[PDB]
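Student: The structure follows.
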There are 2 protein chains.
Amino acid sequence: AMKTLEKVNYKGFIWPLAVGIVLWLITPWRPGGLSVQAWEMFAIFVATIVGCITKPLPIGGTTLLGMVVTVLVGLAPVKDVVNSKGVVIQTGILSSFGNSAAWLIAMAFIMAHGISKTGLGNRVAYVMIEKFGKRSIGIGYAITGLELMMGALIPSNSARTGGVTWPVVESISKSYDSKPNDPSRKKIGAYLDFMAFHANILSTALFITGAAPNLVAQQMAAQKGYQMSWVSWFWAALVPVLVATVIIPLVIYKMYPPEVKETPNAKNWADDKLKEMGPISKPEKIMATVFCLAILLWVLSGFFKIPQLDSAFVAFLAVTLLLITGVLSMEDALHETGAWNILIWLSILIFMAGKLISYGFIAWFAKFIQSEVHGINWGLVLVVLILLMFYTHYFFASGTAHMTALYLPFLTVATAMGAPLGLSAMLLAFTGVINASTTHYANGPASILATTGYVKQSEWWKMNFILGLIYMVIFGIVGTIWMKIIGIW
Amino acid sequence: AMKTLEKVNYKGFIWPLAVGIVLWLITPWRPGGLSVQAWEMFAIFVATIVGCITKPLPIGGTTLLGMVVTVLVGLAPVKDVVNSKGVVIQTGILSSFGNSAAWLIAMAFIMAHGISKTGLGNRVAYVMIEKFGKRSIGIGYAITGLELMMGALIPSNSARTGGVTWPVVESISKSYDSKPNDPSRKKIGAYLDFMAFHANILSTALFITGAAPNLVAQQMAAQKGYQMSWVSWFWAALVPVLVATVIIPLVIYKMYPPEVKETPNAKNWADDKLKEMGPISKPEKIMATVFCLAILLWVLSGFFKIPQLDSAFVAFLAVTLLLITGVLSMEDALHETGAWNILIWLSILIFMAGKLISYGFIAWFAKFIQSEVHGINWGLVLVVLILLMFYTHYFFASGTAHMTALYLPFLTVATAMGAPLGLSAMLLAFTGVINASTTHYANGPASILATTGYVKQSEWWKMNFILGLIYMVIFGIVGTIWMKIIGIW
Ligand SMILES: CCCCCCCCCC
Ligand SMILES: CCCCCCCCCC
Ligand SMILES: CCCCCCCCCC
Ligand SMILES: CCCCCCCCCC
Ligand SMILES: CCCCCCCCCC
Ligand SMILES: CCCCCCCCCC
Ligand SMILES: CCCCCCCCCC
Ligand SMILES: CCCCCCCCCC
Ligand SMILES: CCCCCCCC
Ligand SMILES: CCCCCCCC
Ligand SMILES: CCCCCCCC
Ligand SMILES: CCCCCCCC
Ligand SMILES: CCCCCCCC
Ligand SMILES: CCCCCCCC
Ligand SMILES: CCCCCC
Ligand SMILES: CCCCCC
Ligand SMILES: CCCCCC
Ligand SMILES: CCCCCC
Ligand SMILES: CCCCCC
Ligand SMILES: CCCCCC
Ligand SMILES: CCCCCC
């Protein structure tokens with residue numbers, strides 16, 4: 001018996017629509033050397049992002065709407081178009097949900113549901129509160145150190161986030177009664193969410209085995225005659241990453257403070273709650289075993305490249321084990337909405353960014369940069385290249401496509417303007433790492449920790465912009481001094 | 001606070017496991033001319049189906065488990081493997097959820113949720129009960145006639161089912177208080193579910209624009225020198241389809257009777273309920289408009305082949321309209337479990353069948369048939385070919401791959417054993433149509449109407465086997481007499 005329609009934010013359609021429309025009417029006056037379909041896809045993508053901002057039809061709905069409009073105005077098919085030789089010359093909106101990152105994140109949400117159902121997350125939370133609970137910044141630094149230690153083993157940031165630290169964040173927040181999409185999110189949950197994201201950034205920056213784009217940078221620098229190694233990257237990123245570990249958390253605590261700042265009796269409270277939770281149970285032990293097994297497969301995935309260890313099949317396998325074991329039914333995994341919502345909208349955004357890359361937008365931007373800056377001292381050239389490689393990730397959603405597309409061209413321009421090779425390589429790599437401090441779709445950890453409701457998106461974008469300025473200053477200046485020190489030039 | 005694990009049917013793992021194991025140990029003694037990977041994939045597929053039967057880890061769980069085992073023993077990657085020329089020589093478990101049929105069915109489940117929420121389904125149900133409510137077989141024949149009329153326009157059976165008649169079935173069942181997965185399913189819901197499936201079969205058989213496999217048969221017969229036309233197919237399938245319309249419902253009513261057989265006062269009851277529902281509302285009017293628009297796009301999709309009318313993008317578009325209009329939020333579409341469950345398990349089954357087709361199983365079966373039957377009167381040859389083209393669809397899940405793979409070879413053998421061309425073509429086409437009376441994954445309508453809980457799977461398979469024998473008798477004998485009558489030979 002439904003009487004009245006649901007409440008929809010129609011005002012939020014103004015800025016997206018308008019933006020799109022204007023760019024569309026601008027199409028004939030496009031920057032030149034560019035294709036009509038490219039500019040149209042750019043306009044639709046920008047309007048979709050402005051919608052994700054103004055939040056009409058929450059991100060799933062507006063992403064579906066942007067995909068629909070993409071298919072209507074003739075920028076994308078529904079089924080992949082083949083060249084009669086098997087090659088897929090055009091992808092479709094259906095060939096977008098077969099993405100590894102989105103399915104990994106969904107299965108990780110499901111594993112997190114299992115951790116929350118068993119009672120393991122809350123036990124871990126009270127343990128961490130007994131250890132470093134008081135002075136919540138202590139909790140933030142502990143999660144930062146945990147992520148840093150895990151960076152050396154787990155080569156997938158999306159896993160390090162949705163499998164280990166996002167559950168810990170959720171549990172610690174639910175022990176403080178910090179629920180999402182509620183004015184009670186500001187207690188401790190939002191601070192911890194943000195700090196988890198930025199600790200994931202730091203860990204990705206410290207170890208070359210912290211993410212894929214770093215490996216892509218390695219392959220490229222080897223293409224141009226510079227061999228990045230686990231020890232060199234580490235010895236170069238140690239100092240700047242320590243400076244960041246010391247600063248970034250402090251400015252987050254000063255800018256986005258944890259409303260609940262002090263817990264003078266965390267020890268007794270955690271002990272009381274644990275003892276009230278009774279001894280550890282069988283489903284909790286099984287979930288712990290499955291979690292340790294998944295972590296083991298993830299850390300082995302760095303030495304053995306094998307389909308059985310794709311870092312997503314591992315999540316499928318853990319979920320399957322939870323199903324055949326009992327701690328997780330199938331209905332428990334079916335109405336875990338976050339999984340399907342993120343599947344939908346992340347897949348759609350990645351598809352639209354891929355269409356931006358294929359239609360010849362990024363390549364034109366790269367040629368423009370290559371033909372614009374001609375005579376300058378290589379210092380300003382490197383500054384400009386870092387700034388561009390930073391603020392171009394607003395038009396990407398993978399982090400690997402960004403590098404494959406813009407790392408070799410910008411590095412080439414730098415080395416051609418007199419800059420040294422190792423410095424430019426490592427700087428553009430650190431920049432491709434800290435790019436994540438731009439958006440809510442920049443990577444897996446952001447697409448996870450921005451949509452949990454603990455942190456709004458306006459605040460997310462603003463604070464990430466500021467912290468990106470800070471990251472660029474830190475890495476550029478400090479790491480340049482550091483690389484001049486240790487024989488990199 | 002979870003204490004005890006969930007209840008899992010461990011006994012149901014015996015038959016699948018055993019089966020698999022045995023076939024695996026049989027591998028060295030495989031039929032010959034076959035590949036090891038092919039026989040292993042066959043074993044895993046068969047065990048997965050036996051699991052879907054015995055129901056450990058409901059179909060979603062056992063399909064996930066079969067996919068996991070597929071990836072573990074080295075039969076499928078997780079990411080598509082390319083040949084360095086762009087061609088995809090091996091598909092992955094992730095490149096399986098980008099399927100048009102599964103996403104169409106999911107979006108149709110969502111549209112059905114909208115129809116049930118608005119109050120439109122119940123109004124339609126009481127209308128149909130006022131018209132042909134008494135003598136529930138009247139309801140079955142009305143739904144049959146509706147599906148038959150829609151066959152001439154909507155060229156997608158999955159849509160005709162999940163968009164029009166599955167909602168009507170659900171509403172009429174919920175007006176009789178027939179809920180699924182309940183001993184109250186036998187009242188009227190199961191009979192109507194079965195009858196809807198078989199009416200979809202009949203409509204697919206009557207009009208060549210009733211499904212894709214019929215178009216595939218058309219293309220093939222044109223390849224071999226026989227031009228199927230909308231008027232010829234219809235004039236040949238009229239008589240047998242009338243015989244089926246008269247018989248099949250009767251044997252279903254005699255074999256699977258609708259426990260509630262008589263409703264002597266349907267008129268007054270429907271009028272009372274309608275008047276108690278008040279005049280038609282605004283959300284109902286909007287859902288009706290969206291439904292009519294989707295039906296219009298679906299019927300236009302037969303004359304204009306355009307990505308904007310893919311018969312799945314239309315469901316995406318209807319859902320998007322319901323979102324931007326208000327009658328359907330995003331949370332309403334996120335916890336619609338059936339959509340995601342069918343996505344999962346149908347995609348996985350289609351992927352495994354595609355692996356059966358690529359590894360060289362179906363092609364070997366076809367060569368075996370081509371090299372086995374050599375000297376026979378073409379009548380027994382056609383009998384054997386119809387039987388094989390019928391009972392090979394247990395190893396397929398699309399209905400189009402089946403035809404593309406086995407229609408031209410069997411038709412070739414028939415025409416080479418003396419049989420006439422038009423007769424063999426039309427008979428194998430009708431057989432590719434009635435193949436759907438085999439399984440729960442044979443097509444979209446079956447994968448929909450078998451998993452709704454109104455009809456079990458054991459009963460489904462048994463009754464579909466019997467009705468397939470009956471369909472083969474009817475079509476073969478009657479249609480052969482009919483084609484001999486009208487100048488087809
Ligand atoms: C004609 C294209 C106008 C721009 C499309 C706006 C898309 C809205 C997505 C929320
Ligand atoms: C050109 C981008 C304009 C985006 C404006 C977003 C305003 C959001 C107000 C809450
Ligand atoms: C748990 C996945 C381990 C699978 C082992 C695969 C070994 C392949 C050797 C060829
Ligand atoms: C010496 C080249 C590196 C300088 C990078 C400075 C970036 C400034 C960010 C605001
Ligand atoms: C060694 C492979 C045996 C096949 C097992 C298949 C398991 C599927 C269970 C649903
Ligand atoms: C290939 C043999 C399949 C056996 C299936 C038996 C099902 C038993 C259900 C009670
Ligand atoms: C509802 C969308 C109908 C299709 C728009 C017109 C496309 C014409 C492309 C030539
Ligand atoms: C003349 C032969 C026509 C084919 C008859 C098919 C009968 C199938 C019997 C099950
Ligand atoms: C001529 C400069 C225009 C650049 C617009 C494209 C980058 C957003
Ligand atoms: C006012 C609702 C508009 C919906 C977006 C349409 C995009 C062309
Ligand atoms: C380049 C986009 C900027 C993000 C918002 C900045 C608000 C100060
Ligand atoms: C307790 C026996 C279940 C084993 C399941 C393994 C399926 C490959
Ligand atoms: C060699 C005899 C036939 C075996 C058939 C195996 C099942 C397709
Ligand atoms: C060749 C497969 C036949 C299976 C028939 C199943 C009847 C319940
Ligand atoms: C030009 C619009 C800025 C937002 C980028 C996604
Ligand atoms: C959140 C993962 C905790 C596992 C403890 C063994
Ligand atoms: C357990 C993974 C081992 C991989 C050996 C190739
Ligand atoms: C293959 C997983 C075995 C676990 C059964 C309890
Ligand atoms: C009853 C199991 C059927 C096996 C063929 C798929
Ligand atoms: C079930 C669809 C009903 C639409 C009536 C106009
Ligand atoms: C509410 C539907 C509007 C679509 C055309 C702008």
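By order in the structure tokens, chains are A, B, ...; within a chain, residues start at 1; ligands start at 1, following the order shown.
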Within 6 Å of segment 90-100 of chain A, counting only C-alpha atoms, which residues qualify if same-chain residues fewer than 6 places away don't, as an MDAnalysis selection string?

Tutor: (chainID A and resid 76:81 347 351) or (chainID B and resid 94:95 97:98)

Student: With 7 Å as the limit and counting only C-alpha atoms, what residues in chain B lie close to chain A? Please list them as a PyMOL selection string.

Tutor: chain B and resi 1-2+5-8+57+61+64-65+68+71-72+77-78+86-87+94-100+117-119+283+307-308+310+313+317+320+323-324+326-327+329-330+334-335+337+340-341

Student: A:46, A:128, A:244, A:397: which is nearest residue 168 of chain A, counting only C-alpha atoms?

Tutor: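 Of A:46, A:128, A:244, A:397, the one nearest residue 168 of chain A, counting only C-alpha atoms, is A:128.
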
Student: State, in Å with one decimal place, the distance from atom CA of residue 484 of chain B to atom CA of residue 245 of chain B.

Tutor: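 Value for the atom CA of residue 484 of chain B-atom CA of residue 245 of chain B distance: 21.8 Å.
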
Student: As a PDB file with N, CA, C and O atoms, in the first residue's frame, which residues of segment 58-149 of chain A does DSSP assign to strand (DSSP E)?

Tutor:
ATOM      1  N   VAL A  81      31.540  -4.473 -29.295  1.00  0.00           N
ATOM      2  CA  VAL A  81      31.614  -4.507 -30.750  1.00  0.00           C
ATOM      3  C   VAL A  81      32.984  -5.036 -31.147  1.00  0.00           C
ATOM      4  O   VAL A  81      34.012  -4.505 -30.716  1.00  0.00           O
ATOM      5  N   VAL A  82      32.998  -6.071 -31.967  1.00  0.00           N
ATOM      6  CA  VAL A  82      34.229  -6.745 -32.358  1.00  0.00           C
ATOM      7  C   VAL A  82      34.576  -6.381 -33.793  1.00  0.00           C
ATOM      8  O   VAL A  82      33.719  -5.991 -34.590  1.00  0.00           O
ATOM      9  N   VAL A  88      38.280  -6.501 -29.468  1.00  0.00           N
ATOM     10  CA  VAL A  88      37.150  -5.733 -28.959  1.00  0.00           C
ATOM     11  C   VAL A  88      37.490  -4.258 -29.139  1.00  0.00           C
ATOM     12  O   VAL A  88      38.213  -3.668 -28.336  1.00  0.00           O
ATOM     13  N   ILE A  89      36.956  -3.657 -30.204  1.00  0.00           N
ATOM     14  CA  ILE A  89      37.258  -2.263 -30.507  1.00  0.00           C
ATOM     15  C   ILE A  89      36.395  -1.296 -29.710  1.00  0.00           C
ATOM     16  O   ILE A  89      36.736  -0.112 -29.611  1.00  0.00           O
ATOM     17  N   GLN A  90      35.286  -1.762 -29.144  1.00  0.00           N
ATOM     18  CA  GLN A  90      34.411  -0.913 -28.347  1.00  0.00           C
ATOM     19  C   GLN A  90      33.792  -1.755 -27.247  1.00  0.00           C
ATOM     20  O   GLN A  90      33.202  -2.803 -27.523  1.00  0.00           O
TER      21      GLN A  90
END
